[PDB]
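> Dropping in work.pdb, which is PDB, C-alpha atoms:
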```
MODEL        1
ATOM      1  CA  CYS W   1       0.000   0.000   0.000  1.00  0.00           C
ATOM      2  CA  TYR W   2       0.999   3.640  -0.474  1.00  0.00           C
ATOM      3  CA  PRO W   3       2.057   5.960   2.379  1.00  0.00           C
ATOM      4  CA  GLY W   4      -1.306   7.544   3.123  1.00  0.00           C
ATOM      5  CA  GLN W   5      -3.747   5.227   1.367  1.00  0.00           C
ATOM      6  CA  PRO W   6      -7.310   4.679   2.651  1.00  0.00           C
ATOM      7  CA  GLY W   7      -6.831   1.713   4.964  1.00  0.00           C
ATOM      8  CA  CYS W   8      -3.049   1.513   5.235  1.00  0.00           C
ATOM      9  CA  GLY W   9      -0.731   3.203   7.714  1.00  0.00           C
ATOM     10  CA  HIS W  10       2.418   3.043   9.830  1.00  0.00           C
ATOM     11  CA  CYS W  11       2.698  -0.405  11.411  1.00  0.00           C
ATOM     12  CA  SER W  12       3.367  -0.874  15.126  1.00  0.00           C
ATOM     13  CA  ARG W  13       4.526  -3.574  17.540  1.00  0.00           C
ATOM     14  CA  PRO W  14       4.332  -6.376  17.614  1.00  0.00           C
ATOM     15  CA  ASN W  15       4.546  -5.168  14.014  1.00  0.00           C
ATOM     16  CA  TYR W  16       7.869  -4.022  12.559  1.00  0.00           C
ATOM     17  CA  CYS W  17       9.587  -3.099   9.294  1.00  0.00           C
ATOM     18  CA  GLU W  18      10.509  -5.873   6.859  1.00  0.00           C
ATOM     19  CA  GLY W  19      11.970  -5.080   3.451  1.00  0.00           C
ATOM     20  CA  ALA W  20      12.603  -8.768   2.808  1.00  0.00           C
ATOM     21  CA  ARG W  21      10.676 -11.369   4.803  1.00  0.00           C
ATOM     22  CA  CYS W  22       9.269 -11.705   8.322  1.00  0.00           C
ATOM     23  CA  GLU W  23      11.184 -13.908  10.761  1.00  0.00           C
ATOM     24  CA  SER W  24      10.001 -17.393  11.727  1.00  0.00           C
ATOM     25  CA  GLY W  25       7.879 -15.692  14.368  1.00  0.00           C
ATOM     26  CA  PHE W  26       5.981 -12.946  12.560  1.00  0.00           C
ATOM     27  CA  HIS W  27       3.575 -12.621   9.631  1.00  0.00           C
ATOM     28  CA  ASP W  28       3.754 -10.375   6.566  1.00  0.00           C
ATOM     29  CA  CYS W  29       1.106  -7.687   7.050  1.00  0.00           C
ATOM     30  CA  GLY W  30       2.369  -5.169   4.512  1.00  0.00           C
ATOM     31  CA  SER W  31      -1.173  -5.278   3.150  1.00  0.00           C
ATOM     32  CA  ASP W  32      -2.476  -2.292   5.111  1.00  0.00           C
ATOM     33  CA  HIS W  33       0.914  -1.395   6.589  1.00  0.00           C
ATOM     34  CA  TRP W  34       3.937   0.181   4.903  1.00  0.00           C
ATOM     35  CA  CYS W  35       7.403   1.284   6.017  1.00  0.00           C
ATOM     36  CA  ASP W  36       9.132   4.672   5.956  1.00  0.00           C
ATOM     37  CA  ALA W  37      10.492   3.692   2.542  1.00  0.00           C
ATOM     38  CA  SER W  38       7.886   3.224  -0.188  1.00  0.00           C
ATOM     39  CA  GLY W  39       8.766  -0.420  -0.754  1.00  0.00           C
ATOM     40  CA  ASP W  40       9.219  -2.073   2.634  1.00  0.00           C
ATOM     41  CA  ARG W  41       6.363  -4.199   3.972  1.00  0.00           C
ATOM     42  CA  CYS W  42       5.478  -3.980   7.665  1.00  0.00           C
ATOM     43  CA  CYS W  43       5.348  -7.328   9.467  1.00  0.00           C
ATOM     44  CA  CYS W  44       3.193  -8.289  12.451  1.00  0.00           C
ATOM     45  CA  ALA W  45       3.901 -10.820  15.201  1.00  0.00           C
TER      46      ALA W  45
ENDMDL
END
```
As structure tokens, what does this structure read like?

Amino acid sequence: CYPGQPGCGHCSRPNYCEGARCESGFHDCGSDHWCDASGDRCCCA
């Protein structure tokens, strides 16, 4: 999602930034969550 889209926003713990892939303990939630850099997907534990 884009930085400011209707539904998306800055992720937060247990959500974090993940420009590659979430660790074996979190889940990719970049759907409605983006990172400071327009390209990184925010993960959620």
> Once the PyMOL selection byres ((chain W and resi 36) around 9) is applied to the coordinates I shared, what remains selected? I want it as a VMD selection string.
chain W and resid 3 10 17 34 to 35 37 to 40
> What does the structure give for the distance between atom CA of residue 27 of chain W and atom CA of residue 8 of chain W, in Å to one decimal?
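Distance between the two atoms: 16.2 Å.
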> Atom CA of residue 5 of chain W and atom CA of residue 31 of chain W are how many Å apart?
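These atoms are spaced 11.0 Å apart.
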> Could you tell me which residues the PyMOL selection byres ((chain W and resi 12) around 10) grabs in this file, written as a ChimeraX atom specification?
/W:9-11,13-17,33,42-45
> I'd like to see the residues matched by the PyMOL selection byres ((chain W and resi 19) around 6) on this file, and ideally I'd get them as a list in words.
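Evaluating the PyMOL selection byres ((chain W and resi 19) around 6) on this file yields residues 18, 20, 40 and 41 of chain W.
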> Put a box with edges along x, y and z around all the listed atoms of segment 1-5 of chain W, pad it by 5 Å on each side, then give me its centre and sizes in Å, one decimal, as lines of an AutoDock Vina configuration file.

```
center_x = -0.8
center_y = 3.8
center_z = 1.3
size_x = 15.8
size_y = 17.5
size_z = 13.6
```
